[PDB]
Every structure is written in C-alpha cells, then in structure tokens.
Amino acid sequence: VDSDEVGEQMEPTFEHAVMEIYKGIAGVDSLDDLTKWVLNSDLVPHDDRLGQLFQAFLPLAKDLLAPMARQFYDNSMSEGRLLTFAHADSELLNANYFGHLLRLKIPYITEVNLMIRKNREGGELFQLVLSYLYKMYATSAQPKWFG
Amino acid sequence: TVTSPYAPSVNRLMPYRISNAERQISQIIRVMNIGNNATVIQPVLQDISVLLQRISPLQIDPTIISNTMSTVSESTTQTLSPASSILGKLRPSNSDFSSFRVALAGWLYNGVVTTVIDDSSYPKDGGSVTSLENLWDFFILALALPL
Amino acid sequence: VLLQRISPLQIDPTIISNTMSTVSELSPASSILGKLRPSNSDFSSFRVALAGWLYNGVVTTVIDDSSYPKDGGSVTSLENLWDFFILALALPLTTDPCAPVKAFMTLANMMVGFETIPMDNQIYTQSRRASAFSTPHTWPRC
Amino acid sequence: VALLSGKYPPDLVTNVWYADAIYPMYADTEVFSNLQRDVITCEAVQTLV
Amino acid sequence: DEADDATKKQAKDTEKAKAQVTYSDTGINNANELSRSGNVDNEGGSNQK
Amino acid sequence: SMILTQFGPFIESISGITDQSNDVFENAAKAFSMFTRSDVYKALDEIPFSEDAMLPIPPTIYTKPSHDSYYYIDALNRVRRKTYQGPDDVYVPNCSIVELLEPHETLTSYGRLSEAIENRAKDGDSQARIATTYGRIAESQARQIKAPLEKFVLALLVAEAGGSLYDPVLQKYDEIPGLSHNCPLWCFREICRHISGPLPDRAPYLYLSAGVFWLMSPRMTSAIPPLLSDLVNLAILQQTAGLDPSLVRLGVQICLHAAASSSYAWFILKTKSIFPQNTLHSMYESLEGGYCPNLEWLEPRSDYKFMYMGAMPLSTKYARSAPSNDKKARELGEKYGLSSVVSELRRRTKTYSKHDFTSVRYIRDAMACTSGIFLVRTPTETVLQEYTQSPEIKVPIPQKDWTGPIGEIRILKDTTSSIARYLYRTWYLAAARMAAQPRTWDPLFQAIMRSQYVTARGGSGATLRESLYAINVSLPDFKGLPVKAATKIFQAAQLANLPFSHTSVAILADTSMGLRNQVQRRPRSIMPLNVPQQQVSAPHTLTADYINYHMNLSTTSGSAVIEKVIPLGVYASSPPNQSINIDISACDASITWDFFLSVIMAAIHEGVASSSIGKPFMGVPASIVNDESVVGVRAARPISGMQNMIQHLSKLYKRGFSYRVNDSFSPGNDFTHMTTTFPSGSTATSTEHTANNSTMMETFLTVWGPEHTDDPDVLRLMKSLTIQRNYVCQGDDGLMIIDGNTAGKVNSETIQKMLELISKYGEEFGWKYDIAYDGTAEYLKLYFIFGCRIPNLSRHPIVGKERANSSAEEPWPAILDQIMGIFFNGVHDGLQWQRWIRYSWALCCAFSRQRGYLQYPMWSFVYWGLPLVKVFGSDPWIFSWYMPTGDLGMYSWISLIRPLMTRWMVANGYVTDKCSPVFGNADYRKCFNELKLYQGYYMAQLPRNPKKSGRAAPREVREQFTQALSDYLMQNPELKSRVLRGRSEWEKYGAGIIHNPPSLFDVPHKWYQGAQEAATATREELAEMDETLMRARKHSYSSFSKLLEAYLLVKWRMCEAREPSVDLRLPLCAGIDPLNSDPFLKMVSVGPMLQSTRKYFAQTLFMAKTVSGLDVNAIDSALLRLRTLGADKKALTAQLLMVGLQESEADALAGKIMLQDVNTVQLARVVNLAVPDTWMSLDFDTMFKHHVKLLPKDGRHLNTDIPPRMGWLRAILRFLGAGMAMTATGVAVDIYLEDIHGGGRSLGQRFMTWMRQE
Amino acid sequence: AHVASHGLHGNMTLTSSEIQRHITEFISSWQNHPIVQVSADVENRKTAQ
Amino acid sequence: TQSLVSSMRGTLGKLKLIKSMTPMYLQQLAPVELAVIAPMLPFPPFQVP
RNA sequence: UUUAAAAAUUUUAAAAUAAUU
RNA sequence: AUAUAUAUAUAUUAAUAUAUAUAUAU
RNA sequence: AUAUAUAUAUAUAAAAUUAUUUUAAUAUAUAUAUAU
Ligand SMILES: O=c1ccn([C@@H]2O[C@H](COP(=O)(O)OP(=O)(O)OP(=O)(O)O)[C@@H](O)[C@H]2O)c(=O)[nH]1
Ligand SMILES: [Mg+2]
Ligand SMILES: [Mg+2]
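What follows is the structure, given as structure tokens:
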C-alpha cells in the first residue's frame, strides 16, 4: 500500500487540504509566500514560524486524516495481508492500526530528494515543508535501519 | 511602597483634604447616632475581628495545652484529676474562639463600648477554695480579666 | 555490605529488654526501643556511619533533623529526656565538627525556662534548634 | 485558651509576611471618599444654622 | 494604548505568546506621560467639532 | 382498603401506635409473600389521586419505529449502531419490542426472544444478528435493578398506609402530603394502565433471575423499564425525604421527555446538568444574611488539621461574583425542548437571598430530582468510542532535544527549551531517592511487591498461555483442580520455575476486557494486565508513590475521607475563601509515549542507575545494552535489573495496547483492538495519575504562568499560590483553594484570567482541563456551598443495582445485605428520620421470607442495626439509628428500658423466684425464647454465603500446585535461608509451646483456598446453609453471649445536657435542619468531625510487614501464646525469622514484644467493640474523653471502684456510656457511671480469665 | 428537676418527658451564651450608615 | 512522684551497666577491619584531621 | 510511711457492604 | 432425656461461546 | 457435507483510596459441674 493512498482518496485530497493552510496565518496571501515565511534562504526553517504553522496543520491531521485512515486500514485488512507505508508512526497510532508497527529509516539525506524530484503537487519547497510537519508529528522513537 | 510620577503634571483636581474641626464634628455626630444601642456597634467590632484574624500570623491550637498537661503524673486510684479537669473546662462553649479577637478589637473603642466578661463565666453562685473545678474557674478569670 | 560479610559483631536489642524488664512500678521502662524507634531502619545506618570515617574530606555524616525533640525539650517531659540521652550517645560517632556544640545545645534547648545562659546575639537565642547550628562561627561564647 | 495556646508558623519571616498581608487593604480608596461625606455634613449643619 | 500596541507587535515580531521586551507595565511609574491625539486642536481647545 | 384489611396490625406496629412483636412481623411477611402483582396494581388502583398529581403525558411514548434502521454492519463483520445526531448516539434506542418475542408457555402474555431468530443469527445472518443484539441489549437495560419494582411499590404503600407521624421533639404531626399528591405514582399507574389495556395481566414485564419477559402489547417499547425505575425512585424520595411536589413534577417531566425521544440513555446523558446548573451553580446573586462556618487551617498545612472557631455572619460583600451561567444554560435548555423547566428553575432560584436551612433544602430537593439510572450500551460501542481518543499535542518536544538511543530509551538533553524538563527533573529525583533507600534491597520487600498483585481476580491468563506457546515453552495445566481457571494465582503457579528471558515474551501479550456501568456517566471500561506485565511495572509505581508521599505531597490518597476531605470542602467553600474545580477530561487517553511516558521512562531509567549498579530486582537479571547518548561514542554498557525492567516496559508502552473484545450481547463480535490509552488496571495507575497532576500544576504555577501573563494582578495571584498550600488532587480530579486576603474575596477577573491561562496550558501537551469556577466546591463527588455539605440523592438510587453481565444474581439470603446498605445510604443522606425508619421497617419484611420455609424474626434486623420503635410498651420513637450494631447496640437499647422491660414481663405471666441481677424476678429465659429474641439474635450472627468446601482434588496435582506456588513466593536463597534458620531455631527452642508455628510455608495453602472460593457454590452448600439456618432457629436458648452478659452488669445515669458544640443557626448539612429533629439535635450537641482518633485498641504484637498471603491473626496468636507462657527470646526470634524477617529486624521486634506488657493485646483480641458506621460524621472523640465520666455523680460508691492494675476496664465502660447516650433520641447528655453488680475487681477478674485463656 | 428527683432515680426509663427535659436544659445554655445574645445577620439602617 | 523518681534513677543505674560489647568492639576489632578493607578498595580513603 | 501513671501500636493480608478515581 | 463449660484420649487435613468422542436420520 | 440427543473439556470480566462487619477445631467418647 503506497504511503499517499490514504490521503488521495478524499474529495479535497489531504495535500490539497493543507495547501489552503496559509489563510490561518496572520498574513501570507500565497503558498510561495508561505514557503518564504517558513524556512529562510536554505532549509532548517524558523522554529517559531514552523510552530505557528504546525498548530494549524495539526487539526487537519487529527480530525480528517485519522478518521479516514481508521476506515481505510480496516477495509485493507479485510482483503488480505498488505505491507503498508506511512510518513509517521502517529498516523498508524491515532488511526488504530492493527499489525506489526515497524519504524524504519534510510542511510541517506532524505531532505534532498524533495528538491531533486520535480513533478509533485505544490512546489518542491511545499513538499519539503510538509515533510517537516510530518517529522514534527512523529513521537520520537528509534527508526531502526530500514534494512 | 506606593509610587508617584516625577514630571510636569496636567493639573489634576483631587479634592480630598479637610480640616480637623470638619472631622471632629462628624465624629461627634456618628457617636451621637450610636449611643446605648449595642446592635449598631457590634458589627463594627466583628468586622475588625475578622480583619485582625486575616492579617495576624498567629494560630490557636489547644493541642499545646493538651501535650503540656499530659506530662504530669496522676494516680489512677483517685477521685480528683487536676490535669483532666482544666482540659475539660478549657473548651469554649458553642465552640467559638472569637471573643479573643473581639476583645482585642474593642481596645479601639472604650468611650462607646466597654467589653466586660460574661456573668456565666463566674463560679456559679459563690466559689469555694476546697473545690478543684471551682478553683480552675478563678484561674481562668484571673488570666482573662486584664484584656 | 563488606562490613556485613566481614564483621563478627551482630546486634541484639533484646539486651535492652532484659535490662529494663527488672523494674517494679508514664513508665520509664517502655521508651527507647519499644516506642521511640523508626520501625523500618535496621542497623545499616550504624556501619554507614562507620564507613563515613574513611571519607571525612568529601562526606560529613550528620544526625538527621527528624531525630531531635521536635522544637523544645521541656525536661519535665520523659520522652524528651530519653531523646536527649540517645542523641548524646549517638553524636560522638558522626564526623561533622559541630557534634559537640549540637550535644550541648540539645540540653540547652530542653532546659529553657529553668536555667538560662548568655548567647551571642538575638538570632541564635537559647530557644533555637540544636541542629540549626553547625558552623564554627555559631558556637556560643559561653 | 487563646492566651494559653499560641503559635507561629515555622517559616515566619516578619517583613515578608506583613509585606503581602497588608498590601491588599491599601489598594482600595474608600477612605478618601469617606472625607467628602464629612465636608457635606459640616456644610449642611452650618447652612441649617 | 500605544505602549500596549508596541508590546503586542514586539510579541508578534519575536513569534511568542508574550513578548520578552515589554513597553507597558514596567516597574516605572509613568502616569504623567502624554501623547498627540486628535482630541485637542492647535489653539488648545477640545476637538468635539 | 386492601392493604389495610391485609395487615392493619403491621400498620399499627411500625407507625408508632402499637408495640412491635414477632407475630405481627411474621404474619405481615406471610402477607408479602402470598401476594401477586395484579394485587399490586389493583392496590394502586384503589388510591384516589388528587389533581395535584395530574400531568399531561406525551402520546409519542407508545408508538415507536422498528429497530432495523438504527443498526448496520461494519466492514469487519461487526454489528454496530448508526448514529443519527453526534457521535454519542450509541446507546439503546427507543423502539418496539413485540415483533421479536415468542409466547412463554405458561404465561401466555409474556415472552422472550424467539429461538428462530437466535439460531438464524448464530448461523450468520445479518438481520438475525441485529435483532438478537437489540433484544439482548434491551434486556440488559431492563435488568439494572436489584428486585422487582412492584415489591418496592408494595413496601411504599405499606409504609404510607399508616398516615402522618407524631414528632416527640417538635410536638406535632409533620405536614407531608399523602399518596394522593404523589405524581410519580400517578404516572406509574397510568403508564401501566395504558400499556396493559384490555389484557388481564397488569405488569408490563416480570423481572426474573435469568431474563425479563416482556408483556406482549403493541403499546410497548424498550424505554419503559428505566422510566418505571425513575418513577419508583422519585416516589420513594418524595415520600421519605419531603421533597416538595413542585420539583418532582419537573423531574417527572424530564423523564417523560427522555422516554419520548430517540434513545433514553442518550437524552438522560445529554440532560444531566439542568438541576445543578440552574440551582447549585447559580445561588445567591444577592445576599442579605446568614451564617457560615469559620474554620482555620493549621500551619503545617500538609497534615490536614483543622479547628472550628464559630459562625461568622454573612453580608452583602460576599455575594456571588463568579461569571454568569445564563446564556449557556438557556442554550442547553432550548436545544432539547426543556426550556420551560429551565426558566422555572432560573426564576425560582432568584428568590433566595439568605444562607438558610430553607435554601440548602431547596438545593437538595432540586438536585434529588435527576434520574439515577445505570446507563447501558453494547461493549463493542464502548470500546469503539472511548478507546479511539488520542492526545492533542500542540507543542511537541523538539526532535533535537533527545540524545541517541540507550536500548529502547532516549534522554532529554539538559539544554532543552521545552517544559518537559521540570517533569524529567521531578521523576529523576524521585527515582534516585527511592532507589537510595536501603529498605528496597532486602528479600522481604521484593517478595511483598511480588505478592502485591497475585490475587484471585482475573488477569487474562489465556493470552499469556497462548503467547508463551508461540515460542515453544510449556506450562503446567494441573488437570482436575477445583480452583478457578482465570485467576492471577493460576498464572503465578504456572510461572514459578521459568527464567525471565522466557516469560518476558508475554509482556507484549494482549489484555481481556472488563465493563461496568454507572449513574449519569458512560459505561466504565477495564483492562486486567497479566502477572509479567504487572511485575515489570514496579519502578513506575514505586517512583509514583515516592513522589506522592515525599516530594510533591499534595494529595488525599491514603487518608480517611470523612476526617480530612469533608472539612477541606467546608473550608474551601466558606465565603471569604473561594474554590476552583479542575478536572482532566479523558485522563487515560491523554497519557501516551510522545509526551509523558517517554520522559518518565528516561527519568526513571537514569535516576535508578546510581544506587543499583549491579543488583537484581524482583527476580530480574542484570542485563546489558549498548548506548549512543554521547555523540561519537558507541559502547555497550551494563545496566541493572530495575533498568532491564524499564527497557521491557518501554518496549511495551511504545507500541500501545491491544484489547481482545468479546461481548455476550452481540453474536459475532470477538475482534481485537489496539489503542494508546493508558490502562486502568495496572498497579501503577492511580498513583502515577496523581503524581503527573501535581507535577504539572506545580510547574504551571512556578514557570509557565509568569512567562505568559503581563498584568500585575495575575502575577501576584500566581506568585502567592503553591501546590502544597493551595491545591489538592487525587487521580483525575483536583481542587484549588484561593484564600481571601484582607480586602475580602479575591477579585474575580484575575481568577478568571488565571483559569483561561490554565486552559491554554493544558492544550500544549494534550490535556483538556475542565475548569469550573462558580462559587461551590467539588471533590470526590462531594458538594459544598458556603461550608454546607449537600448530599446528592440521585447518586444513590434506592432500586438501582448494577449488572454489567448476564449472570444471575446471588440467591437469598444475599439480598438482606443490600437492604441494610439501602438503609445506611438513606442514613448518611439525612432523610426524614421517622419516615425513613418506617419505610425501612416495611421493606425489611418483604425480603424476609422465601422457600419448608425459613423466616427471620425482626430481632435479627434489630441486631444488624435497624432501630426499634415501640417495643415493650414504651413511648413511640424513643430510639435513634445511631445505636451501634451488635452486642454494643443491643446493650444500649436494652439498658434504657430495662425497668419497664421487666415490669411488662412480670405483668404478663412471666414470673419466677430467682432474683436475677439484671431483670429481677421475671424469667427472661422463657419469654425471650417465646418472643423469639434469642432466635433472631443468634440467627443474625450466622453467615449468609456458601462456604466453598474443598472438592478433594487429587493429592499429586494439588501437592505439585502448592509446591510450585511456594517456589514462586520464596524465589531467592535469602528468604529461604531466613525461614529455614527460623525453623531450625524453633525446633531447638520453641519446640512444644506451639505445634503449627506460622511461617512463609503456609502462604501457598491460603492462595490455594483463595483460588477455591473464587469459584461457584454448589447445591450441597446452599442446602447446607438452609438447614443450618433452620437448625439455629429451632433450638431453645438460655442466655446471650458471654460478652453481653458481662455488659449487662453495668448501669448508668443520664444527668445533664452537655453544652452545644455548634451554633443552632449554622447549616452544616443540607436536610439536617429543625424539620429533621433527631439528626439536628445530635449534630448540634455533639458537633461535626474535624479530628483524628483512629484505632481504638487495634494493638498487636506483629508490627512489621509481610506477604499479603500471610495473616496477622496467626502470627499475633503465636507471639501472644509465646509471650504469655514466658519462653526464651530465641523462640520469639525463630518465629519472627520463619515469618520472613531479618535477624536484626526480628530481634528488634522481639524487644518490642518484650516491652508493652500483654494485658492490652489480650483484651483487644478478646473483645470486638468498635465505632459504628453512622458515628463517622460526628465528634465521638471528645464524647469519649470528657463526657462519659466513670466517677458517678454523688462521689464514690465502693462498687464502681476499679483496681489499679486493671485499666482496660475503663475502655469498656466508656463504650457502654457512649453507646447508651447516643442511642436515645434528643440531645446527647452527660452520662455518669452508676453501679456494677458484683464489683470492679470481680468484673475485672471475669475479663481477665478470658484474656488469660489464649 | 423537681419532678425528676421525685421519681426514684434507679428506676428511670426513657420518656418524652425526659426528652423535653434534656432539650430545655440544652437550649437554655445556647440562649444564655453572650455572643448568641448579641448578634445578627442582617444589617440595620444605622449600622449600614 | 517519688516512685517515678526512684524508677527513673534505677533505670539510669542499670542502663549505666548494660552488658553490651559494641564499645569494646569499636575499640578492638572495628579499626582492624577498616584497615584490612582499606587497601582492597576502588576509591581510596580521603581524610582531613 | 501507702497509692498510682500502665503500651495509642498499624498502614491489618485476605472474604462481604457502601462511597469514590 | 437435652445443651454449656472443665481434663484427657482418639481418628484426622481440610449466564455466552467454542472444541472433542458416542448414537440416529439425510 | 449436514441436523438432533448424550458425555467430556475449555475461554471471559482489573488496580487503587476510604469506612464498617466476620475469619484457633473437624468430630466423638470417658470423669466434673451447671442450666432446660
Ligand atoms: O472504570 C474506570 C473509571 C476510572 N477509574 C480510574 O480513574 C482514572 C480516570 O478515570 P477516567 O479516565 O475514566 O475519567 P474520565 O476521563 O472519563 O473523566 P471525564 O472525561 O468523564 O470528565 C483512571 O486511571 C482509571 O484507572 C478506573 O479504576 N475505573
Ligand atoms: Mg468523568
Ligand atoms: Mg473518572
């Protein structure tokens, strides 16, 4: 099961739902201005601005993604054993996931792939800020070596 | 410590200063409005009493008297217990310990209020030096009168 | 624990009961052991005090605050007499330098109202705690 | 019984105690308004006379 | 009001719920300070009309 | 007419007219038994109700839709409810019930679920499963009572037939309206009528042991059982509590609106706060006067010592200043159509402007009118609604504030910018100080903590077994044992000879499910953790305990509630002071790994490291693990046993828990569910919750408050508060006292702003504080306003009894305990004393006979505590309920009547030529046998539970079981060496003085029995109890107990009324006012409880701690038998060794035993005289000390003299004085010793022979 | 007390008469207490002034 | 009382001559054990006079 | 010369009733 | 005739669900 | 592949605080006294 499947099956999909998050900020007026207000002229965004953004990103993840996943993973469990991926253990914990929960990790710098790959929804900067938000929604625990 | 500003003012108008005659006259009037009643002056003493209790760092507990008395040795085969008699007659009736603060607040008013000790506190129609429970009454009155 | 596997001594508080159980008769024969005892502290504190002798440069064993007569002795009492006796026996085995002045001021506190002595100021009056002392600057001139 | 049994808290520092026990009663200003009443009382008495 | 607004803007600029460098409610007594409002004109009279 | 013609003598007897007697009692009980439900509803038909009880009933209550549209089926084959409004509508709906029933064979108008539907559902059909789930759940909702409602209604008619009563104190008949103004009875009768219709059978369903049979009528629904239970409760409360009939109407209206809605329990759950929100939380917007208590809290606040200092008058400045409760209350009232009721309450409340008895009675009446039903729903709905909640963590700990891993744990960097650092510091210091204590390193403490959780209650041993099976490890089964199967004793016996690395795989095993309903709250949930999971969670609970008891020290756990917790509310609600009520909503679901458990585990893993460097904890090895906390270094570092356990516990907490749900109400639901909610069955639960509560509040006030608020007022308010002087918490709930300064009550806007700061503080790390600031106290379900406790009568439903399963109830005589409990619950709530006593008389007959019959004489009920009325030709209503229960109570009520008691005997025949010292010449020995006094007095003392006999298991397997259990208990060589040395020393010295000296080898022989009696009783034991009761009834008795005989030699003298101990104008408990004469006089002349006087001779020789398997009785008797005979001290030391103590510790205990001469333990063991339950609220300590005088009134007598070496006798004398004084109605009086027949020395010798014979 | 001392103290039993006796004895003390004598809850015009 | 005074004096007199071996232990065997344990020890002694 | 203070310990392990988290 | 206590003696150990096998019918 | 009757076995429901009540023969026999 792809990692994006549980978020793609929504009328406004999840990433589209979070792209409209710049309205809650005090003033941004556009997604590019959001990516500029968050991290400065490299990655490692401003922690305070990232926190102000996370306080808005969180209710989208607790009230929409968790209820949708709680049904999607049940429907998937009904039709056989499947190997499912996710972006954070909190996704599989809040949505009450059954099975073995294996955290994992890769020996590379994953943040650079978010600039290498091109044809993704929203700018590459938005994909990267989204990855930061998932990493901030992560409930620190040992990822333990994908191999 | 209160603070006042130090700079060119704006010419306030705070009319709060009056002579001594204008104050003694009102004192005479409000003392004339209080003579002989005793239901007009009791609540003032009660209010000052509760204020004294709230401002004072003093506590009251009869456990001090209990522990002090418990160290004297009394015979088990007797008919009179000096330590056990004062402990009995040293518990106030209707369990009110207010009379202390009320007497302490009556010091501010001896021209219109005279705090006397109640007739019930005396030895009930003549004492007798041959009576232990009746000798503790003299002890209590002697300690309590000077206040 | 090393002193445990080594030492031949072994404590027997029944000696106290044997000695006290031959008095005919507030009862002095029922104060130290049967009453005034922590009930959970066995005698590891003893050999911890013994092991503290080797390390008076970094560690300074002192008598706990909770083993004093609780704000005044009042020698008229009996439990406080026993408390004084036990503190006076236990103090010499510690390693802090102010054990003697604490042993003196325990009785000085207990005998307030009966006997008086001149102190150094009005902060460390005779009615202080014996444990509030323990700096060499706080030993009374008297 | 009040005279015989008294006690202070073990952490009593007098200045620190009174510094915040006495503060809340000097933050209200009813005492200053109790003077204009006396002004008007004296004015009324003199006007009647 | 302007001191309060400056404190709030400072809190927003430093991205905190409460600004650390505050311009209002300092320890100083500044009850005589003024500013320029639209209440008074150039003659010194009020600006009701 | 009918009830009168049946039992006029009984009406006369219990109504204080005719002297009571056993014959009228048993005849009335006959009338109760031989009596039918049609007779009940006909008797209800005889009542000519007035217009006052009239009321418009909604007709929609009867025509209801079908159940099919309310349910559906999940993608996981789970039948679950379809919510129509909100995610709360998952309770039983209101639907028809007739189309699913098949006619019962005997009673052709009643029936249960058709077997066709059940079988078709068992085959696997959709509609059949849905219908059977609906039927079973409706039955379970209708089974939540303790007996058939018609029996309670009959008892009510019995009691009320007598009419009004005469007050011996107020000298007048009380004005309580008769049954013709009781609109609950009217609604009950009208609903039963309109449902029955033309059918002859009148009961709409008959409650039975197995299940309920529904009356087959088209006008039937599933809401009727709870509605009828509500109406019965309201009727009984109005008749025995004097509720005014103007608020019972509103209660009945709300119950009707509930029964007319979609679902009943859901409406009652959404509408549970209309009476409190409009009466208690809105009182006194305008004060004019009244008195409130003046308590003063003593200085070392942490110990909870108080002192009452009189009543201070109230004034206008103390009026209510909390924020208004108007807009929200009217919004709630409008959303559900209850706007007229809300407006009526909001109007009637604004007319009380004086803190008075009448206003507190108003609040009590307004709050007794809320329904007291046990809410019920399917288990698969509880598990799917509660366990899906997850924390809402708005400011998580940054990922760059965790070091590398050390096994399963990461450490907080010391330079963290978060707020979790204070949590980490608190738990770290607590763990270090806990582990530093040398007590936690002996085998005895290890063994005590091991045996703490080995109980006879389930622990889901199955999944443990089948998880150990998955790694090819065997386990004994012990085939043929009469012991229960699902018990932690069974698990422990299995897991004796197993290394930790084998059983450690069973730490990740799942847990079974438990359920339990409540009043006005969703059905509880439970999870029992197995033995390994309870073992590995030892450091967590130990550190939580150390925090609760030494470091933070702001809690009421471990303290007596009625001596320390009641006057806390009395102090925190008095007017100058104020109270804020803080609660954490969903506390279990808010404690997870991402904020709390990770920090706590790192803290407990680091703090223990210093003083446990290589040692094993409770049977856990000293494992190793590599760490990466330091950058650039990666080295394997040894750890301890207490750290190995934290490793395993962390790898359990990280994944969450998996619950195996299998409900017996829906066929086809046995799924498994996985949550992150913290369990509610762990040993460490209730302590860590309160530790976290206190820690977060203190870090609040010390750090987070001053760094986010700017106004000087809130800063000065948060700086003057500390958790140890202004905060009290226990588990979830909490309380924050705010003292009043000299200017009066603290300002309201500042307190509000602090409250919203607390609300913002909770959201950063998950918690959701439910804060309530409105001028009333709240703690552990105790309400207070202006220092007046207000009992919540809706929380104690008279008829309600809870049954979270489908198992049948315990057979009679098991219900008499519940009836006595009903009486006592009525006692503690201050009901009208005459009315409540009479109703309890009428109710203790209906539950007295049942099938070759066996009947209780009334004397048994008088022995259990129920106070008499008119026995022996005395005055009506002389005895109060404060008379204790048992021998003391019997002596108390006898000695007050003894002269008349004997002259009546002599006046009807009973005469003999034997001058008894007690009763003179009358022959009590014949009459009391005739009057059935001895019979009841000795039948009451017989147990009413089937004593589970051993079923004679095989010798081989039983020996193996007990041996493996003992091996589990004494696991390390040190305990075994201690006990073996003790046995050797005993056989050297103590051989002969005792034959079976107790040791740590008899613990398994008690665990084995405790596993036995957890099973079900057998018909043999039931018949045995029945025959034993019949035998004990059919003897001929010659005297009371020896203790009561010795008691009856002492006489007393009622001299003077003691001075008042509280003002007669100060309300201290709502409902206890001059209208309630006897409780008022007792309270005002004795005074409330504010002291600590526990343990009136609970002395014993064994002052140490051992395993929970052992008993204090055996060791105490052994030490007493070894100290009275005067053996060598080596015998005492050998006993204390083989009871599992260290050498030095055992010898210190021997010295203890040698001190404290044994004349006191012997009496304490021979006599059983304790303070009864009802005296807990009064000040009995000063009554013992000062107001029961052993020197009689006119001096010495030569009879009351007591020898110098018999001091224990003064104790029993003070007993008898206090009991005889408290039994009589009116005010408590000074009682003086009068005369002891025989003499002081003779009575002392009588007690001394008994003390010696041990 | 007259009628009670009439009645042969050894042969006393409970009675409404005894209840009334104790109640009157009890309420005399509360009536004669001085704070109870001089006290009130509601303010008068003069005290409010 | 004189009885209590005599009992206290007798208790002191007997406690003065209690038969304990801890003092002779401390002076004869304890220092030998400390000296025997001192060399074989992870953290050597650190003393001031 | 006779009398007398006597110990206020615990956290008491399990089974039933009631209150609560 | 019964019961209580005294000394001794003796024996003595204390509801829903599922699985398996038998039988009868299809 | 199934249905019914029978027999056997198995699984399931917790922790804590508070207060009250109960937990040294199992039985018989001889000699002693007493009560009914
Ligand atoms: O059925 C449970 C009820 C609670 N208690 C224990 O009390 C603690 C808290 O109990 P709860 O977590 O159930 O209270 P709550 O959140 O439902 O409060 P509200 O939202 O209704 O306001 C838990 O730790 C649990 O162990 C259990 O012993 N029994
Ligand atoms: Mg709740
Ligand atoms: Mg709760």
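Protein chains in written order, with the entry's author numbering: chain S, 443 to 589; chain H, 492 to 638; chain E, 541 to 565, 571 to 687; chain X, 884 to 932; chain C, 100 to 148; chain P, 3 to 853, 861 to 1263; chain R, 198 to 246; chain B, 786 to 834. Backbone N, C-alpha and C define an ideal beta-carbon position, used for all residues, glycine too.
Can you tell me whether residue i is buried or exposed? The criterion is at least 16 other CB atoms within 10 Å of its CB, across all chains shown.
i	result
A973 (chain P)	buried
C687 (chain E)	exposed
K747 (chain P)	buried
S288 (chain P)	exposed
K586 (chain S)	exposed
Name the one or two DSSP bridge partners that residue i has.
i	result
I59 (chain P)	Looking at the DSSP assignment, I59 (chain P) forms no beta bridge with any residue, so it has no partner.
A637 (chain P)	P:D629
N743 (chain P)	P:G746
Return the chain-ordered list of same chain residues with a C-beta closer than 7 Å to the C-beta of residue i, the five sequence neighbours on each side being excluded.
i	result
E388 (chain P)	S527
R138 (chain P)	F667
Can you determine whether any heavy atom of ligand 1 sits closer than 7 Å to the C-beta of residue i, and answer yes or no?
i	result
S696 (chain P)	no
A433 (chain P)	no
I528 (chain P)	yes
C589 (chain P)	yes
Please list, in chain order, all residues of the same chain as residue i whose beta carbon is under 6 Å from its beta carbon, the five residues on each side excluded.
i	result
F680 (chain P)	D590 and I593
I602 (chain P)	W429
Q533 (chain H)	none
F359 (chain P)	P1076 and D1082
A653 (chain E)	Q671
Using C-beta distances below 8 Å, list every residue in its chain close to residue i, excluding the 5 sequence neighbours before and after it, in chain order.
i	result
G482 (chain P)	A962, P963 and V966
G929 (chain P)	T911 and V915
Does the distance between the C-beta of residue i and the nearest non-hydrogen atom of ligand 3 fall short of 7 Å?
i	result
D772 (chain P)	no
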